[PDB]
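In the block that follows, a single chain appears as structure tokens, in the form solved without ligand NAD.
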């Protein structure tokens, strides 16, 4: 990120604003509303400032810019119509290692004022670094309507129960459950809104008198083939609130960037890859500790992932679990590669596969084949397929990193299969079938 957002406590803290026009006035209005000890240096002031000045809410210094005026500040803001004077303020501020903003110059200085969506104590800030001011405004707009006008009341109240909540529940599991039940409560939200104390207390007491569960859980979550956009809503939700996430190398970084920031992350791969057993053990141990475990697996956990293996003992262990399906590689890759898995007469049967496996059955057709881990076996596949009677002219396709910005699709025919497979590395998916034909009549993702 090119900016780190932080929420500063400016109470009884000095801040300086240079410039006394309308721009400066808007900024000053924000700092006062944050309770800063504000001083304003300007050549001329517009009414407002004086109003504040004789209302003792700030200090005014009429006259040219004075670098020493920064010596006791936490924040500096240059808002004059004079760019030369502005960078004198910025340079002064930097020598003093004070964060500073030059409003009409967003690439300069050391910080930018984001657009604010107030719902105290709850606040949302949005910005583009000065690159897309129309993007921020549109966003603030969408956000203004998206956040309930009284959402602050609930947050405020939450902080006040914060104390009784810890004393009523031993574990994190019950408190985490408390708030979840709490921020979903409309009667409460409504109650708070109508300053109806009776309804608030009634609902509050019941929440405390509730027998919340203390045990943890393990959740299998399909991460999809790679494109973070293919994660399900429920999936995003799981990694957004998990205490520990167990991911392998088939989970794209983009997807990893969606995980809760304050969560533990265990890599279960080719550091080997922690045999199955070692992965399983980790899970139940983490859930045992009453944690919210999330086993993030590529594609869909129940279609080739040892998803079941990872669960088939948790019930004997009394540990809660659930599964969140994801887009299988075959699903995404096919779609992203302009190849539908089924069409008008082509297939009435789709196959997901993998000295091995029934070639006569696979050879047959009015089917479309999708081999999951046959890259180092691609060669013998065409030999066997052709051997057991599959048309040499039959089109085939390979997809490496399907769904990713790095997607790569090689195309050809059975005879070229083995060759092609060398034109690609892992992870790659092999699709055999008449449906590959209509790839560039439907290809939309990339030209590579």
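Residue numbers count along the first chain shown, from 1.
Beyond what is shown, the protein has a form deposited with ligand NAD bound; the following relates to that form.
Contact annotation: residue 43 falls within 4.5 Å of ligand NAD in the deposited bound form, judged by heavy atom distances. Though the partner is left out of this view, residue 437 does not reach within 4.5 Å of ligand NAD in the deposited bound form, counting heavy atoms only. In the deposited bound form, at least one heavy atom of residue 19 sits within 4.5 Å of a heavy atom of ligand NAD.
Residue contact with ligand NAD in the deposited bound form: residue 64 places a heavy atom within 4.5 Å of it. Partner proximity in the deposited bound form, defined as non-hydrogen atoms within 4.5 angstroms of ligand NAD, places exactly one of 182 to 190, 142 to 150, 78 to 86, 360 to 368 at the interface: 78 to 86.
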